[PDB]
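Listing of data_35.pdb, PDB, C-alpha atoms and all ligand atoms
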MODEL        1
ATOM      1  CA  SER A 232       0.000   0.000   0.000
ATOM      2  CA  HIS A 233       2.804   2.396   0.970
ATOM      3  CA  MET A 234       6.279   1.169   0.065
ATOM      4  CA  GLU A 235       9.128   3.533   0.873
ATOM      5  CA  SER A 236      10.658   5.304  -2.111
ATOM      6  CA  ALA A 237      13.912   3.450  -1.439
ATOM      7  CA  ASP A 238      12.017   0.145  -1.575
ATOM      8  CA  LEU A 239      10.459   1.163  -4.897
ATOM      9  CA  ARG A 240      13.891   2.064  -6.280
ATOM     10  CA  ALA A 241      15.290  -1.319  -5.236
ATOM     11  CA  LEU A 242      12.300  -3.075  -6.794
ATOM     12  CA  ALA A 243      12.884  -1.209 -10.059
ATOM     13  CA  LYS A 244      16.572  -2.125 -10.239
ATOM     14  CA  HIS A 245      15.875  -5.759  -9.355
ATOM     15  CA  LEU A 246      13.395  -5.873 -12.240
ATOM     16  CA  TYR A 247      15.900  -4.210 -14.577
ATOM     17  CA  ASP A 248      18.490  -6.855 -13.678
ATOM     18  CA  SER A 249      16.273  -9.861 -14.420
ATOM     19  CA  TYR A 250      15.015  -8.035 -17.513
ATOM     20  CA  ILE A 251      18.616  -7.848 -18.754
ATOM     21  CA  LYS A 252      19.174 -11.523 -18.005
ATOM     22  CA  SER A 253      15.978 -12.874 -19.659
ATOM     23  CA  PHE A 254      15.916 -10.682 -22.756
ATOM     24  CA  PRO A 255      19.302 -10.607 -24.525
ATOM     25  CA  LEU A 256      18.217  -8.154 -27.255
ATOM     26  CA  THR A 257      17.245  -5.122 -25.199
ATOM     27  CA  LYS A 258      15.752  -1.992 -26.743
ATOM     28  CA  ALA A 259      19.092  -0.208 -26.280
ATOM     29  CA  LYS A 260      20.961  -2.898 -28.220
ATOM     30  CA  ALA A 261      18.315  -2.889 -30.963
ATOM     31  CA  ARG A 262      18.510   0.890 -31.376
ATOM     32  CA  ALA A 263      22.302   0.704 -31.711
ATOM     33  CA  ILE A 264      22.054  -2.023 -34.354
ATOM     34  CA  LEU A 265      19.512   0.090 -36.250
ATOM     35  CA  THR A 266      21.914   3.070 -36.377
ATOM     36  CA  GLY A 267      25.264   1.306 -36.775
ATOM     37  CA  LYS A 268      27.719   2.437 -39.428
ATOM     38  CA  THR A 269      29.663  -0.794 -40.140
ATOM     39  CA  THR A 270      28.770  -3.806 -42.230
ATOM     40  CA  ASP A 271      29.829  -6.089 -39.346
ATOM     41  CA  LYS A 272      27.023  -4.721 -37.166
ATOM     42  CA  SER A 273      24.771  -4.357 -40.210
ATOM     43  CA  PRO A 274      21.568  -6.416 -40.379
ATOM     44  CA  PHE A 275      20.699  -7.879 -43.763
ATOM     45  CA  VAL A 276      17.780  -5.877 -45.163
ATOM     46  CA  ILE A 277      14.925  -7.953 -46.596
ATOM     47  CA  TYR A 278      12.810  -5.668 -48.792
ATOM     48  CA  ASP A 279      11.536  -7.968 -51.570
ATOM     49  CA  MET A 280      11.383 -11.633 -52.535
ATOM     50  CA  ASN A 281      14.873 -11.783 -54.056
ATOM     51  CA  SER A 282      16.414 -10.173 -50.964
ATOM     52  CA  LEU A 283      14.582 -12.648 -48.723
ATOM     53  CA  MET A 284      16.142 -15.646 -50.486
ATOM     54  CA  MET A 285      19.601 -14.142 -49.912
ATOM     55  CA  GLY A 286      19.055 -13.887 -46.142
ATOM     56  CA  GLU A 287      20.400 -17.035 -44.477
ATOM     57  CA  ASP A 288      19.774 -17.473 -40.753
ATOM     58  CA  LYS A 303       2.656 -19.222 -50.087
ATOM     59  CA  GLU A 304       5.981 -20.797 -49.101
ATOM     60  CA  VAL A 305       7.303 -17.321 -48.304
ATOM     61  CA  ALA A 306       4.585 -15.565 -46.279
ATOM     62  CA  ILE A 307       3.764 -18.770 -44.420
ATOM     63  CA  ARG A 308       7.442 -19.399 -43.665
ATOM     64  CA  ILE A 309       7.627 -15.778 -42.499
ATOM     65  CA  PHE A 310       4.453 -16.266 -40.445
ATOM     66  CA  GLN A 311       5.701 -19.516 -38.919
ATOM     67  CA  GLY A 312       9.084 -17.876 -38.358
ATOM     68  CA  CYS A 313       7.566 -15.239 -36.083
ATOM     69  CA  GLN A 314       5.359 -17.877 -34.457
ATOM     70  CA  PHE A 315       8.512 -19.715 -33.374
ATOM     71  CA  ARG A 316      10.142 -16.510 -32.103
ATOM     72  CA  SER A 317       7.056 -15.845 -29.963
ATOM     73  CA  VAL A 318       7.478 -19.278 -28.360
ATOM     74  CA  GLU A 319      11.054 -18.358 -27.437
ATOM     75  CA  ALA A 320       9.774 -15.030 -26.113
ATOM     76  CA  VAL A 321       7.308 -16.883 -23.869
ATOM     77  CA  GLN A 322      10.127 -18.883 -22.277
ATOM     78  CA  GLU A 323      12.018 -15.631 -21.657
ATOM     79  CA  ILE A 324       8.890 -13.924 -20.295
ATOM     80  CA  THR A 325       8.124 -16.874 -18.011
ATOM     81  CA  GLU A 326      11.580 -16.699 -16.431
ATOM     82  CA  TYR A 327      11.335 -12.928 -15.984
ATOM     83  CA  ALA A 328       7.898 -13.412 -14.425
ATOM     84  CA  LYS A 329       9.387 -15.921 -11.971
ATOM     85  CA  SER A 330      11.730 -13.149 -10.750
ATOM     86  CA  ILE A 331       8.959 -10.650  -9.910
ATOM     87  CA  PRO A 332       8.872 -10.668  -6.074
ATOM     88  CA  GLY A 333       5.884 -12.699  -4.927
ATOM     89  CA  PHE A 334       4.853 -14.105  -8.314
ATOM     90  CA  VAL A 335       5.919 -17.698  -7.603
ATOM     91  CA  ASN A 336       4.124 -17.478  -4.234
ATOM     92  CA  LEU A 337       0.753 -17.288  -6.002
ATOM     93  CA  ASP A 338      -1.368 -20.302  -6.887
ATOM     94  CA  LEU A 339       0.358 -22.154  -9.718
ATOM     95  CA  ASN A 340      -2.805 -21.936 -11.831
ATOM     96  CA  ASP A 341      -3.011 -18.162 -11.409
ATOM     97  CA  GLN A 342       0.626 -17.929 -12.526
ATOM     98  CA  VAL A 343      -0.423 -19.819 -15.660
ATOM     99  CA  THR A 344      -3.515 -17.652 -16.166
ATOM    100  CA  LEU A 345      -1.550 -14.410 -15.723
ATOM    101  CA  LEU A 346       1.081 -15.518 -18.240
ATOM    102  CA  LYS A 347      -1.542 -16.993 -20.588
ATOM    103  CA  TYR A 348      -3.217 -13.620 -21.133
ATOM    104  CA  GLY A 349      -0.043 -11.588 -20.633
ATOM    105  CA  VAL A 350       2.489 -12.970 -23.112
ATOM    106  CA  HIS A 351       0.503 -11.684 -26.088
ATOM    107  CA  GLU A 352       0.478  -8.134 -24.731
ATOM    108  CA  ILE A 353       4.171  -8.261 -23.787
ATOM    109  CA  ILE A 354       5.156  -9.598 -27.216
ATOM    110  CA  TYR A 355       3.362  -6.675 -28.796
ATOM    111  CA  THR A 356       5.223  -4.231 -26.531
ATOM    112  CA  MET A 357       8.671  -5.718 -26.944
ATOM    113  CA  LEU A 358       8.086  -5.950 -30.693
ATOM    114  CA  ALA A 359       8.105  -2.144 -30.683
ATOM    115  CA  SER A 360      11.633  -2.322 -29.262
ATOM    116  CA  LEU A 361      12.751  -3.843 -32.590
ATOM    117  CA  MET A 362      10.786  -1.514 -34.894
ATOM    118  CA  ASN A 363      11.108   1.898 -36.452
ATOM    119  CA  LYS A 364       8.876   3.571 -39.021
ATOM    120  CA  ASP A 365      10.597   1.617 -41.814
ATOM    121  CA  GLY A 366      10.822  -1.960 -40.535
ATOM    122  CA  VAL A 367      11.684  -4.415 -37.785
ATOM    123  CA  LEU A 368      14.761  -6.240 -36.519
ATOM    124  CA  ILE A 369      14.333  -9.993 -36.913
ATOM    125  CA  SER A 370      16.351 -13.122 -35.910
ATOM    126  CA  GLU A 371      18.549 -11.778 -33.149
ATOM    127  CA  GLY A 372      19.327  -8.459 -34.787
ATOM    128  CA  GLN A 373      20.931 -10.128 -37.795
ATOM    129  CA  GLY A 374      18.049  -9.237 -40.134
ATOM    130  CA  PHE A 375      15.789  -6.317 -40.957
ATOM    131  CA  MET A 376      12.470  -6.704 -42.780
ATOM    132  CA  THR A 377      10.995  -3.528 -44.220
ATOM    133  CA  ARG A 378       7.481  -2.444 -43.309
ATOM    134  CA  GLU A 379       6.319  -2.275 -46.934
ATOM    135  CA  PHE A 380       7.630  -5.755 -47.760
ATOM    136  CA  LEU A 381       5.660  -7.293 -44.889
ATOM    137  CA  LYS A 382       2.633  -5.164 -45.789
ATOM    138  CA  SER A 383       2.877  -6.389 -49.394
ATOM    139  CA  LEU A 384       2.549 -10.039 -48.332
ATOM    140  CA  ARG A 385      -0.567 -11.680 -49.789
ATOM    141  CA  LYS A 386      -3.707 -11.739 -47.645
ATOM    142  CA  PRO A 387      -4.218 -12.385 -44.957
ATOM    143  CA  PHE A 388      -0.517 -12.071 -43.985
ATOM    144  CA  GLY A 389       0.040  -8.483 -45.114
ATOM    145  CA  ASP A 390      -2.882  -7.156 -43.093
ATOM    146  CA  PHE A 391      -2.075  -9.297 -40.036
ATOM    147  CA  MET A 392       1.385  -7.800 -39.575
ATOM    148  CA  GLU A 393       0.810  -4.111 -40.365
ATOM    149  CA  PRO A 394      -1.175  -3.318 -37.151
ATOM    150  CA  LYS A 395       1.936  -4.218 -35.146
ATOM    151  CA  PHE A 396       3.810  -1.384 -36.863
ATOM    152  CA  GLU A 397       0.878   0.998 -36.357
ATOM    153  CA  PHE A 398       0.957   0.380 -32.603
ATOM    154  CA  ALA A 399       4.759   0.522 -32.348
ATOM    155  CA  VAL A 400       5.178   4.023 -33.791
ATOM    156  CA  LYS A 401       2.587   5.256 -31.281
ATOM    157  CA  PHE A 402       4.165   3.382 -28.365
ATOM    158  CA  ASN A 403       7.739   4.295 -29.308
ATOM    159  CA  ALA A 404       6.709   7.953 -29.290
ATOM    160  CA  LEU A 405       6.535   7.603 -25.487
ATOM    161  CA  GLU A 406      10.350   7.147 -25.665
ATOM    162  CA  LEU A 407      10.702   4.563 -22.902
ATOM    163  CA  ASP A 408      13.944   2.706 -22.205
ATOM    164  CA  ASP A 409      14.698  -0.743 -20.816
ATOM    165  CA  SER A 410      14.550   0.423 -17.187
ATOM    166  CA  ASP A 411      11.043   1.713 -17.944
ATOM    167  CA  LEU A 412       9.888  -1.350 -19.901
ATOM    168  CA  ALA A 413      11.042  -3.705 -17.133
ATOM    169  CA  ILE A 414       8.444  -2.397 -14.686
ATOM    170  CA  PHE A 415       5.774  -1.858 -17.355
ATOM    171  CA  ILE A 416       6.019  -5.494 -18.469
ATOM    172  CA  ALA A 417       5.694  -6.621 -14.847
ATOM    173  CA  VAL A 418       2.614  -4.431 -14.349
ATOM    174  CA  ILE A 419       0.977  -6.087 -17.372
ATOM    175  CA  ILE A 420       1.682  -9.563 -15.998
ATOM    176  CA  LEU A 421       0.082  -8.882 -12.649
ATOM    177  CA  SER A 422      -3.339  -7.887 -13.923
ATOM    178  CA  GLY A 423      -5.862  -8.992 -11.336
ATOM    179  CA  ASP A 424      -8.865  -8.845 -13.688
ATOM    180  CA  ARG A 425      -7.825 -11.702 -15.961
ATOM    181  CA  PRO A 426     -10.729 -14.155 -16.345
ATOM    182  CA  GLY A 427     -10.499 -17.338 -14.305
ATOM    183  CA  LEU A 428      -8.140 -16.077 -11.589
ATOM    184  CA  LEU A 429      -8.668 -17.724  -8.196
ATOM    185  CA  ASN A 430      -6.809 -15.445  -5.733
ATOM    186  CA  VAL A 431      -7.239 -11.881  -6.968
ATOM    187  CA  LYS A 432      -6.231  -9.860  -3.894
ATOM    188  CA  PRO A 433      -2.584 -11.061  -3.629
ATOM    189  CA  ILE A 434      -2.114 -10.335  -7.348
ATOM    190  CA  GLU A 435      -3.415  -6.782  -6.909
ATOM    191  CA  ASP A 436      -1.204  -6.304  -3.847
ATOM    192  CA  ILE A 437       1.836  -7.001  -6.028
ATOM    193  CA  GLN A 438       0.688  -4.783  -8.893
ATOM    194  CA  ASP A 439       0.000  -1.942  -6.456
ATOM    195  CA  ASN A 440       3.696  -2.009  -5.576
ATOM    196  CA  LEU A 441       4.753  -2.316  -9.228
ATOM    197  CA  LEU A 442       2.496   0.601 -10.171
ATOM    198  CA  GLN A 443       4.109   2.662  -7.407
ATOM    199  CA  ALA A 444       7.541   1.618  -8.672
ATOM    200  CA  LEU A 445       6.506   2.393 -12.250
ATOM    201  CA  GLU A 446       5.204   5.850 -11.362
ATOM    202  CA  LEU A 447       8.393   6.731  -9.487
ATOM    203  CA  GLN A 448      10.584   5.470 -12.336
ATOM    204  CA  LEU A 449       8.723   7.517 -14.956
ATOM    205  CA  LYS A 450       9.258  10.618 -12.794
ATOM    206  CA  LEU A 451      13.003  10.165 -12.243
ATOM    207  CA  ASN A 452      13.383   9.159 -15.866
ATOM    208  CA  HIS A 453      11.684  11.605 -18.267
ATOM    209  CA  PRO A 454      11.119  14.375 -15.673
ATOM    210  CA  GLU A 455      10.011  16.859 -18.358
ATOM    211  CA  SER A 456       7.426  14.357 -19.682
ATOM    212  CA  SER A 457       3.953  15.331 -18.457
ATOM    213  CA  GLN A 458       1.554  12.572 -17.429
ATOM    214  CA  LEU A 459       3.659   9.850 -19.053
ATOM    215  CA  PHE A 460       2.399   7.421 -16.403
ATOM    216  CA  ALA A 461      -1.178   8.052 -17.499
ATOM    217  CA  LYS A 462      -0.364   7.809 -21.211
ATOM    218  CA  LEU A 463       1.357   4.501 -20.587
ATOM    219  CA  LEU A 464      -1.568   3.149 -18.552
ATOM    220  CA  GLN A 465      -3.975   4.049 -21.354
ATOM    221  CA  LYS A 466      -1.794   2.304 -23.943
ATOM    222  CA  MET A 467      -1.818  -0.724 -21.639
ATOM    223  CA  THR A 468      -5.607  -1.080 -21.645
ATOM    224  CA  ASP A 469      -5.622  -0.265 -25.364
ATOM    225  CA  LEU A 470      -3.375  -3.315 -25.770
ATOM    226  CA  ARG A 471      -5.987  -5.721 -24.409
ATOM    227  CA  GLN A 472      -8.620  -4.937 -27.032
ATOM    228  CA  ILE A 473      -5.905  -4.887 -29.714
ATOM    229  CA  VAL A 474      -4.562  -8.280 -28.643
ATOM    230  CA  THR A 475      -7.971  -9.976 -28.422
ATOM    231  CA  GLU A 476      -8.419  -9.168 -32.109
ATOM    232  CA  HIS A 477      -4.846 -10.306 -32.777
ATOM    233  CA  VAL A 478      -5.186 -13.774 -31.242
ATOM    234  CA  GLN A 479      -8.540 -14.373 -32.935
ATOM    235  CA  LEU A 480      -7.287 -13.609 -36.443
ATOM    236  CA  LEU A 481      -4.036 -15.425 -35.633
ATOM    237  CA  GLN A 482      -6.082 -18.537 -34.836
ATOM    238  CA  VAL A 483      -8.060 -18.151 -38.070
ATOM    239  CA  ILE A 484      -4.799 -17.911 -40.031
ATOM    240  CA  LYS A 485      -3.360 -20.968 -38.293
ATOM    241  CA  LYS A 486      -6.371 -23.061 -39.236
ATOM    242  CA  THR A 487      -7.121 -21.885 -42.779
ATOM    243  CA  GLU A 488      -3.568 -21.343 -44.020
ATOM    244  CA  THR A 489      -0.979 -23.500 -42.217
ATOM    245  CA  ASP A 490      -2.923 -26.753 -41.608
ATOM    246  CA  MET A 491      -1.798 -28.825 -44.596
ATOM    247  CA  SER A 492      -4.391 -31.490 -43.755
ATOM    248  CA  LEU A 493      -7.006 -28.971 -44.946
ATOM    249  CA  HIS A 494      -5.306 -28.511 -48.361
ATOM    250  CA  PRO A 495      -5.173 -32.033 -49.834
ATOM    251  CA  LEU A 496      -4.736 -30.768 -53.398
ATOM    252  CA  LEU A 497      -1.780 -28.548 -52.511
ATOM    253  CA  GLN A 498      -0.170 -31.643 -50.983
ATOM    254  CA  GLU A 499      -0.623 -33.487 -54.279
ATOM    255  CA  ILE A 500       0.919 -30.549 -56.159
ATOM    256  CA  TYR A 501       3.859 -30.556 -53.739
ATOM    257  CA  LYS A 502       4.390 -34.290 -54.219
ATOM    258  CA  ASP A 503       3.937 -34.055 -57.996
ATOM    259  CA  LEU A 504       6.256 -31.082 -58.404
ATOM    260  CA  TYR A 505       8.983 -31.496 -55.785
TER
HETATM  261  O1  LIG A 601      12.014 -12.118 -32.600
HETATM  262  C1  LIG A 601      11.915 -11.892 -33.821
HETATM  263  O2  LIG A 601      12.856 -11.970 -34.631
HETATM  264  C2  LIG A 601      10.581 -11.469 -34.342
HETATM  265  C3  LIG A 601       9.427 -11.769 -33.635
HETATM  266  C4  LIG A 601       8.195 -11.391 -34.118
HETATM  267  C5  LIG A 601       8.091 -10.712 -35.329
HETATM  268  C6  LIG A 601       6.780 -10.279 -35.834
HETATM  269  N1  LIG A 601       5.699 -11.007 -35.541
HETATM  270  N2  LIG A 601       4.619 -10.382 -36.109
HETATM  271  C7  LIG A 601       3.337 -10.932 -35.997
HETATM  272  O3  LIG A 601       2.370 -10.302 -36.362
HETATM  273  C8  LIG A 601       3.212 -12.320 -35.472
HETATM  274  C9  LIG A 601       3.150 -13.353 -36.399
HETATM  275 CL1  LIG A 601       3.241 -13.009 -38.100
HETATM  276  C10 LIG A 601       3.021 -14.668 -35.995
HETATM  277  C11 LIG A 601       2.951 -14.952 -34.651
HETATM  278  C12 LIG A 601       3.007 -13.938 -33.709
HETATM  279  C13 LIG A 601       3.128 -12.610 -34.101
HETATM  280  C14 LIG A 601       3.205 -11.547 -33.050
HETATM  281  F1  LIG A 601       4.457 -11.239 -32.737
HETATM  282  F2  LIG A 601       2.630 -10.401 -33.410
HETATM  283  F3  LIG A 601       2.621 -11.909 -31.912
HETATM  284  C15 LIG A 601       5.017  -9.226 -36.758
HETATM  285  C16 LIG A 601       4.311  -8.260 -37.468
HETATM  286  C17 LIG A 601       5.041  -7.213 -37.996
HETATM  287  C18 LIG A 601       6.422  -7.120 -37.827
HETATM  288  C19 LIG A 601       7.121  -8.077 -37.118
HETATM  289  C20 LIG A 601       6.414  -9.151 -36.575
HETATM  290  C21 LIG A 601       9.254 -10.404 -36.027
HETATM  291  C22 LIG A 601      10.484 -10.794 -35.547
ENDMDL
END
Please express what this file holds, its structure, as structure tokens.
Ligand SMILES: O=C(O)c1ccc(-c2nn(C(=O)c3c(Cl)cccc3C(F)(F)F)c3ccccc23)cc1
Amino acid sequence: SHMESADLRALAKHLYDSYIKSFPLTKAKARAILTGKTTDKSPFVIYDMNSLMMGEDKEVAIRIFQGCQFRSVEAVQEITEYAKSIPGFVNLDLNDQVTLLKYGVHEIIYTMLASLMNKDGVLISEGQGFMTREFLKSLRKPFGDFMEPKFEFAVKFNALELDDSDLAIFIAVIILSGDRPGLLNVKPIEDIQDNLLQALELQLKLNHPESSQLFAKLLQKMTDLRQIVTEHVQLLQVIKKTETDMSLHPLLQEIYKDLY
């Protein structure tokens, strides 16, 4: 209810530490890759079909779609370990830990995706590649239209100009949302988020002290995320059943066997 400001500072730096350990490609590292001047640091830019074939690390848009699906699985493992480091998380009912992560990973993936994006494209692989926004938008339906809304949210979110020490607490606040459906013990979850919200508010005042009501803007983006993500998972499920389930395309299988 009323943590001391020193306690909130320690909580913030503990979260920053585990954030650095779980997520190797921080926003700071991604920004430096995006502005490097050498070819050694340079990510290979994929801007059309020929450039994509040269990058070594619908066959194409489905491979791209399944490529990001795999990266989200790796992100979940990293988010789960970071969530285990939030003080008091592992003391909750094991099913509430699952519920909180179940609804939370999709919102965190959207947020951390902004860390890899600018107005022109997105860092992919582990910073070794860069896919342009217009290439991904050009992908045949429904892939082109499924990926563009991520860019549209990122340029808004990145305008808030948050760093890793900010995102560490923001991600934790998302995870400890007491109003997820199906939660058993709500009060202990809210008691943790009350402390994280205090720690978040203090961090956004020490950082960005000229920035007016950044705490409020960030909270509004957070609830915006939930509606955005509900639509994202629903269309993602549609795409996974009508486009990547080869058992539903028996004639494409015959083509593949007859041509390859
Ligand atoms: O970690 C990575 O290398 C990485 C990781 C993710 C992307 C990327 N995913 N994505 C999706 O829409 C997406 C897809 Cl297509 C399938 C499953 C899940 C997602 C999700 F991340 F949104 F949740 C994008 C859209 C626009 C731009 C970049 C990306 C890109 C790179």
Handout entry: Nearby residues (all atoms listed in the file) at most 7 Å from region 408-421 of chain A, same-chain spacing under 6 positions excluded, as a PyMOL selection string
Key = chain A and resi 243+246-247+250+257-258+345-346+349+353+434+438+441-442+445+448-449
Handout entry: Ground truth for the PyMOL selection byres (((chain A and resi 382) around 12) and not hetatm), written as a list in words
Key = residues 278, 279, 306, 365, 366, 376, 377, 378, 379, 380, 381, 383, 384, 385, 386, 387, 388, 389, 390, 391, 392, 393, 394, 395, 396 and 397 of chain A
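Across the structure, CA of residue 501 (chain A) and CA of residue 488 (chain A) are spaced 15.3 Å apart.
Taking CA of residue 238 (chain A) as the reference point, CA of residue 331 (chain A) is found at 14.0 Å.
Using only C-alpha atoms and all ligand atoms as the basis for the distance check, residues found within 7 Å of ligand LIG 601 (chain A) are residues 309, 310, 311, 313, 314, 316, 317, 351, 354, 355, 358, 367, 368, 369, 370, 371, 381, 391, 392, 393, 395 and 396 of chain A.
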Exercise for the section: Evaluate the PyMOL selection byres (((chain A and resi 323-326) around 8) and not hetatm) here and jot the selected residues down as a ChimeraX atom specification. Expected result: /A:253-254,319-322,327-330,346,350
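Shortest atom-to-atom contact with residue 462 (chain A) among A:283, A:277, A:318, A:405: A:405, counting only C-alpha atoms.
Here CA of residue 452 (chain A) is placed at a distance of 15.0 Å from CA of residue 404 (chain A).
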Exercise for the section: Measuring atom to atom with all atoms listed in the file, identify which of A:497, A:459, A:242, A:467 is nearest to residue 304 (chain A). Expected result: A:497
Using all atoms listed in the file, determine which residues lie at most 6 Å from residue 274 (chain A), disregarding the query and same-chain residues fewer than 3 positions distant; provide the list as an mmCIF file with C-alpha atoms, keeping the file's coordinate frame.
data_model
loop_
_atom_site.group_PDB
_atom_site.id
_atom_site.type_symbol
_atom_site.label_atom_id
_atom_site.label_comp_id
_atom_site.auth_asym_id
_atom_site.auth_seq_id
_atom_site.Cartn_x
_atom_site.Cartn_y
_atom_site.Cartn_z
ATOM 1 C CA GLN A 373 20.931 -10.128 -37.795
ATOM 2 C CA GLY A 374 18.049 -9.237 -40.134
ATOM 3 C CA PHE A 375 15.789 -6.317 -40.957
#
Exercise for the section: Give as a ChimeraX atom specification the residues that the PyMOL selection byres (((chain A and resi 232) around 12) and not hetatm) matches when applied to the coordinates above. Expected result: /A:233-235,239,433,435-444
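Closest to residue 359 (chain A) among A:428, A:476, A:400, A:464 is A:400, based on all atoms listed in the file.
Distances from A:451, A:336, A:496, A:275 to residue 288 (chain A) were compared using all atoms listed in the file, and the smallest one belongs to A:275.
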What box, with edges along x, y and z, holds each listed atom of region 323-342 of chain A when 4 Å is added on every side, and can you state its centre and edge lengths in Å to one decimal, as AutoDock Vina command-line options?
--center_x 4.5 --center_y -16.4 --center_z -12.9 --size_x 23.0 --size_y 19.5 --size_z 25.4
Some atoms are missing, so please complete region 406-421 of chain A with N, CA and C atoms and return it as a PDB file, in the coordinates of the input.
ATOM      1  N   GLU A 406       8.900   7.078 -25.877  1.00  0.00           N
ATOM      2  CA  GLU A 406      10.350   7.147 -25.665  1.00  0.00           C
ATOM      3  C   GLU A 406      10.768   6.528 -24.331  1.00  0.00           C
ATOM      4  N   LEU A 407      10.309   5.304 -24.090  1.00  0.00           N
ATOM      5  CA  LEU A 407      10.702   4.563 -22.902  1.00  0.00           C
ATOM      6  C   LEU A 407      11.962   3.749 -23.178  1.00  0.00           C
ATOM      7  N   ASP A 408      12.736   3.511 -22.122  1.00  0.00           N
ATOM      8  CA  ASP A 408      13.944   2.706 -22.205  1.00  0.00           C
ATOM      9  C   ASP A 408      13.731   1.377 -21.487  1.00  0.00           C
ATOM     10  N   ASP A 409      14.800   0.585 -21.409  1.00  0.00           N
ATOM     11  CA  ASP A 409      14.698  -0.743 -20.816  1.00  0.00           C
ATOM     12  C   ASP A 409      14.338  -0.676 -19.336  1.00  0.00           C
ATOM     13  N   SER A 410      14.890   0.297 -18.602  1.00  0.00           N
ATOM     14  CA  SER A 410      14.550   0.423 -17.187  1.00  0.00           C
ATOM     15  C   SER A 410      13.085   0.795 -16.995  1.00  0.00           C
ATOM     16  N   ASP A 411      12.482   1.467 -17.977  1.00  0.00           N
ATOM     17  CA  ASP A 411      11.043   1.713 -17.944  1.00  0.00           C
ATOM     18  C   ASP A 411      10.262   0.454 -18.306  1.00  0.00           C
ATOM     19  N   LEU A 412      10.643  -0.199 -19.411  1.00  0.00           N
ATOM     20  CA  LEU A 412       9.888  -1.350 -19.901  1.00  0.00           C
ATOM     21  C   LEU A 412       9.895  -2.503 -18.906  1.00  0.00           C
ATOM     22  N   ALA A 413      10.952  -2.617 -18.098  1.00  0.00           N
ATOM     23  CA  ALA A 413      11.042  -3.705 -17.133  1.00  0.00           C
ATOM     24  C   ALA A 413       9.868  -3.680 -16.163  1.00  0.00           C
ATOM     25  N   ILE A 414       9.544  -2.501 -15.635  1.00  0.00           N
ATOM     26  CA  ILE A 414       8.444  -2.397 -14.686  1.00  0.00           C
ATOM     27  C   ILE A 414       7.104  -2.439 -15.407  1.00  0.00           C
ATOM     28  N   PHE A 415       7.026  -1.843 -16.602  1.00  0.00           N
ATOM     29  CA  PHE A 415       5.774  -1.858 -17.355  1.00  0.00           C
ATOM     30  C   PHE A 415       5.356  -3.282 -17.702  1.00  0.00           C
ATOM     31  N   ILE A 416       6.305  -4.097 -18.163  1.00  0.00           N
ATOM     32  CA  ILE A 416       6.019  -5.494 -18.469  1.00  0.00           C
ATOM     33  C   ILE A 416       5.513  -6.219 -17.228  1.00  0.00           C
ATOM     34  N   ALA A 417       6.132  -5.962 -16.074  1.00  0.00           N
ATOM     35  CA  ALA A 417       5.694  -6.621 -14.847  1.00  0.00           C
ATOM     36  C   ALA A 417       4.294  -6.177 -14.444  1.00  0.00           C
ATOM     37  N   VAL A 418       3.959  -4.904 -14.674  1.00  0.00           N
ATOM     38  CA  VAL A 418       2.614  -4.431 -14.349  1.00  0.00           C
ATOM     39  C   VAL A 418       1.575  -5.148 -15.204  1.00  0.00           C
ATOM     40  N   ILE A 419       1.891  -5.373 -16.483  1.00  0.00           N
ATOM     41  CA  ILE A 419       0.977  -6.087 -17.372  1.00  0.00           C
ATOM     42  C   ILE A 419       0.719  -7.495 -16.855  1.00  0.00           C
ATOM     43  N   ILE A 420       1.766  -8.160 -16.433  1.00  0.00           N
ATOM     44  CA  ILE A 420       1.682  -9.563 -15.998  1.00  0.00           C
ATOM     45  C   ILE A 420       0.810  -9.678 -14.776  1.00  0.00           C
ATOM     46  N   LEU A 421       0.875  -8.732 -13.874  1.00  0.00           N
ATOM     47  CA  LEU A 421       0.082  -8.882 -12.649  1.00  0.00           C
ATOM     48  C   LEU A 421      -1.223  -8.123 -12.723  1.00  0.00           C
TER      49      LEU A 421
END
